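First comes one chain, alone, set out as structure tokens in the form deposited without the RNA.
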């Protein structure tokens, strides 16, 4: 069983140099699919099971369709970014959360006060 790729509102990644530590990995996929449709939540993890891999959360499922098909094997980090729609990176986002905290506030990223 294997119905081609198919969109899922999110894509998957598994071809990033194994020497980066976030801060750029996402800043590099954000300035790439943002035009493919609309990036609004790229997530990466430095876990051993979650190497450079990472998924893209698009505002619309038609955006991942491009970030995944459009480039589909583009040049990135000296490696081919074989984009593969995620099997729902939502549960996978809390899965590699690196803790899995219940959390009850996932919407706007506004701070309650500018601390030091």
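Numbering follows the first chain given and starts at 1.
Just so you know, the form solved in complex with the RNA exists too; it's not on screen, but the next bit is about it.
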Spell out, yes or no, whether the shortest heavy atom distance between residue 37 and the RNA in the deposited complex is within 4.5 Å.
no
Test of understanding: in the deposited complex, would residue 55 fall inside 4.5 Å of the RNA by heavy atoms?
yes
Partner contact for residue 50 in the deposited complex: the RNA, 4.5 angstroms, heavy atom
yes
Can any non-hydrogen atom of residue 84 be found within 4.5 angstroms of the RNA in the deposited complex?
yes
